[PDB]
Amino acid sequence: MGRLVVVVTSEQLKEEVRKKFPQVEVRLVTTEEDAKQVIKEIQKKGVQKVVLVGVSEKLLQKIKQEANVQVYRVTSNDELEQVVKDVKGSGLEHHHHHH
C-alpha cells in the first residue's frame, strides 16, 4: 500500500504512460546515473511497487537488490496498464483487450 513509480528508459514511453495514467508518477532513465537517482527516489518516497519498463537486465537486478523493492518488469503497454490498476482499484481508464 503506497506509491507506484513507473520507470522508463525513453521519453516516448514516459509521455505515453503519463498521458494514459496521470494517477501514477514516472521516472526517466537516459543514463545509469538516472537509474541511481531512481534507487534513491524509491526509498525516500517509500515506494514498495516499482515498474521497470523496457530497462536493461543489469539495471533491472540492480534497482531490485539495492532498493529492496517489488519490481514489475514490463515489455508491453498492456503489462504496465494492469500494474497501474493493481494499485488503482477505482481505475479512471479502460485497458484495451487483445486476441
# chains A, B, ... in the order shown; residues from 1 in each chain; ligands from 1

call {"tool": "select_by_dssp", "arguments": {"residues": "chain A", "states": "strand (DSSP E or B)", "output": "list in words"}}
result
residues 4, 5, 6, 7, 8, 25, 26, 27, 28, 49, 50, 51, 52, 53, 70, 71, 72, 73 and 74 of chain A

call {"tool": "residues_around", "arguments": {"residues": "residue 62 of chain A", "least_positions_apart": "5", "cutoff": "12 Å", "atoms": "only C-alpha atoms", "output": "NGL selection string"}}
result
:A and (32 or 35-36 or 38-39 or 52 or 55-57 or 67-69 or 71)

call {"tool": "write_last_selection", "arguments": {"atoms": "C-alpha atoms", "output": "PDB file, in the first residue's frame"}}
result
ATOM      1  CA  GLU A  32      22.629   4.719 -15.212  1.00  0.00           C
ATOM      2  CA  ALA A  35      18.810   4.757 -12.517  1.00  0.00           C
ATOM      3  CA  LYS A  36      20.819   5.554  -9.325  1.00  0.00           C
ATOM      4  CA  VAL A  38      15.655   6.053  -9.092  1.00  0.00           C
ATOM      5  CA  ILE A  39      17.215   3.733  -6.379  1.00  0.00           C
ATOM      6  CA  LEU A  52      10.695  -1.166 -14.838  1.00  0.00           C
ATOM      7  CA  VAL A  55      15.045  -1.415 -18.950  1.00  0.00           C
ATOM      8  CA  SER A  56      18.376  -3.304 -19.226  1.00  0.00           C
ATOM      9  CA  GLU A  57      18.672  -6.611 -17.220  1.00  0.00           C
ATOM     10  CA  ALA A  67      16.400  -0.522  -3.410  1.00  0.00           C
ATOM     11  CA  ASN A  68      14.972  -3.836  -1.954  1.00  0.00           C
ATOM     12  CA  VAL A  69      11.527  -3.448  -3.651  1.00  0.00           C
ATOM     13  CA  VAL A  71       9.984  -4.921  -9.476  1.00  0.00           C
TER      14      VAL A  71
END

call {"tool": "closest_residue", "arguments": {"among": "A:91, A:98, A:9, A:54", "to": "residue 24 of chain A", "atoms": "only C-alpha atoms"}}
result
A:91

call {"tool": "residues_around", "arguments": {"residues": "residue 78 of chain A", "least_positions_apart": "5", "cutoff": "12 Å", "atoms": "only C-alpha atoms", "output": "ChimeraX atom specification"}}
result
/A:17,20,53,73,83-85,94-98

call {"tool": "write_last_selection", "arguments": {"atoms": "N, CA and C atoms", "output": "CSV table (one decimal), in the first residue's frame"}}
result
chain,number,residue,atom,x,y,z
A,17,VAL,N,2.9,6.8,-20.8
A,17,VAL,CA,2.3,6.4,-19.5
A,17,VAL,C,1.7,7.6,-18.7
A,20,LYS,N,-1.8,8.4,-20.4
A,20,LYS,CA,-2.7,7.3,-20.2
A,20,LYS,C,-3.1,7.3,-18.7
A,53,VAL,N,9.9,-0.5,-17.1
A,53,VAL,CA,9.5,-0.6,-18.5
A,53,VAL,C,10.7,-0.5,-19.4
A,73,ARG,N,8.5,-6.0,-14.2
A,73,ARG,CA,9.3,-6.0,-15.5
A,73,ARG,C,8.4,-6.0,-16.6
A,83,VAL,N,-0.6,-3.3,-14.0
A,83,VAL,CA,0.2,-3.0,-12.8
A,83,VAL,C,-0.4,-1.7,-12.2
A,84,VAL,N,-0.8,-0.7,-13.0
A,84,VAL,CA,-1.4,0.6,-12.6
A,84,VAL,C,-2.8,0.3,-11.9
A,85,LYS,N,-3.6,-0.6,-12.5
A,85,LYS,CA,-4.9,-0.9,-12.0
A,85,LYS,C,-4.8,-1.8,-10.7
A,94,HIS,N,-9.8,2.7,-19.4
A,94,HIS,CA,-10.2,1.4,-19.9
A,94,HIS,C,-9.1,0.7,-20.7
A,95,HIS,N,-8.4,-0.3,-20.1
A,95,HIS,CA,-7.4,-1.2,-20.7
A,95,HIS,C,-7.9,-1.9,-21.9
A,96,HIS,N,-7.2,-1.7,-23.1
A,96,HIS,CA,-7.6,-2.4,-24.4
A,96,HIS,C,-7.3,-3.9,-24.3
A,97,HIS,N,-8.3,-4.7,-24.8
A,97,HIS,CA,-8.2,-6.2,-24.9
A,97,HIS,C,-7.6,-6.6,-26.3
A,98,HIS,N,-6.7,-7.5,-26.3
A,98,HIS,CA,-6.1,-8.1,-27.5
A,98,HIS,C,-6.5,-9.6,-27.6

call {"tool": "select_by_dssp", "arguments": {"residues": "chain A", "states": "alpha helix (DSSP H)", "output": "ChimeraX atom specification"}}
result
/A:11-20,32-45,57-67,77-87

call {"tool": "residues_around", "arguments": {"residues": "segment 21-23 of chain A", "least_positions_apart": "5", "cutoff": "12 Å", "atoms": "only C-alpha atoms", "output": "PyMOL selection string"}}
result
chain A and resi 3-6+14-16+77+80-85+87-95

call {"tool": "write_last_selection", "arguments": {"atoms": "N, CA and C atoms", "output": "CSV table (one decimal), in the first residue's frame"}}
result
chain,number,residue,atom,x,y,z
A,3,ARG,N,2.9,4.4,-3.1
A,3,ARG,CA,3.2,4.9,-4.4
A,3,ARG,C,3.5,3.8,-5.4
A,4,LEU,N,3.1,4.0,-6.7
A,4,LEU,CA,3.6,3.2,-7.8
A,4,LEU,C,4.4,4.1,-8.8
A,5,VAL,N,5.7,3.8,-8.9
A,5,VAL,CA,6.7,4.6,-9.7
A,5,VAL,C,6.9,3.7,-11.0
A,6,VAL,N,6.5,4.3,-12.1
A,6,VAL,CA,6.8,3.7,-13.5
A,6,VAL,C,8.1,4.3,-14.0
A,14,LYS,N,7.7,7.6,-21.5
A,14,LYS,CA,7.3,8.4,-20.4
A,14,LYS,C,6.0,9.2,-20.6
A,15,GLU,N,6.0,10.0,-21.7
A,15,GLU,CA,4.9,10.8,-22.1
A,15,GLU,C,3.6,10.0,-22.4
A,16,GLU,N,3.9,8.7,-22.9
A,16,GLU,CA,2.8,7.7,-23.1
A,16,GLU,C,2.1,7.4,-21.8
A,77,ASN,N,2.8,-2.4,-23.4
A,77,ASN,CA,1.9,-1.3,-22.7
A,77,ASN,C,0.9,-2.0,-21.8
A,80,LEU,N,2.0,-2.8,-18.1
A,80,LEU,CA,2.1,-1.6,-17.4
A,80,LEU,C,0.6,-1.2,-16.9
A,81,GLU,N,-0.3,-1.3,-17.9
A,81,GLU,CA,-1.7,-0.9,-17.7
A,81,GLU,C,-2.3,-1.7,-16.6
A,82,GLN,N,-2.0,-3.0,-16.5
A,82,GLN,CA,-2.5,-3.9,-15.4
A,82,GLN,C,-1.9,-3.6,-14.0
A,83,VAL,N,-0.6,-3.3,-14.0
A,83,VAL,CA,0.2,-3.0,-12.8
A,83,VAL,C,-0.4,-1.7,-12.2
A,84,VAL,N,-0.8,-0.7,-13.0
A,84,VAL,CA,-1.4,0.6,-12.6
A,84,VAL,C,-2.8,0.3,-11.9
A,85,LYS,N,-3.6,-0.6,-12.5
A,85,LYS,CA,-4.9,-0.9,-12.0
A,85,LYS,C,-4.8,-1.8,-10.7
A,87,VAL,N,-2.7,-1.1,-8.2
A,87,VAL,CA,-2.6,-0.1,-7.1
A,87,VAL,C,-3.9,0.8,-7.1
A,88,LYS,N,-4.4,1.1,-8.3
A,88,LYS,CA,-5.6,2.0,-8.5
A,88,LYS,C,-6.8,1.1,-8.7
A,89,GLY,N,-7.5,0.7,-7.6
A,89,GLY,CA,-8.7,-0.1,-7.7
A,89,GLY,C,-9.8,0.5,-8.5
A,90,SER,N,-10.1,1.8,-8.2
A,90,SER,CA,-11.0,2.6,-9.0
A,90,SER,C,-10.3,3.3,-10.1
A,91,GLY,N,-10.1,2.5,-11.2
A,91,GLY,CA,-9.4,3.0,-12.4
A,91,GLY,C,-10.2,4.0,-13.2
A,92,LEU,N,-9.5,5.0,-13.7
A,92,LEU,CA,-10.1,6.2,-14.4
A,92,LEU,C,-10.0,6.0,-15.9
A,93,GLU,N,-9.7,4.8,-16.4
A,93,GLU,CA,-9.4,4.5,-17.8
A,93,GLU,C,-10.1,3.2,-18.2
A,94,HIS,N,-9.8,2.7,-19.4
A,94,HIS,CA,-10.2,1.4,-19.9
A,94,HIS,C,-9.1,0.7,-20.7
A,95,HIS,N,-8.4,-0.3,-20.1
A,95,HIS,CA,-7.4,-1.2,-20.7
A,95,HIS,C,-7.9,-1.9,-21.9
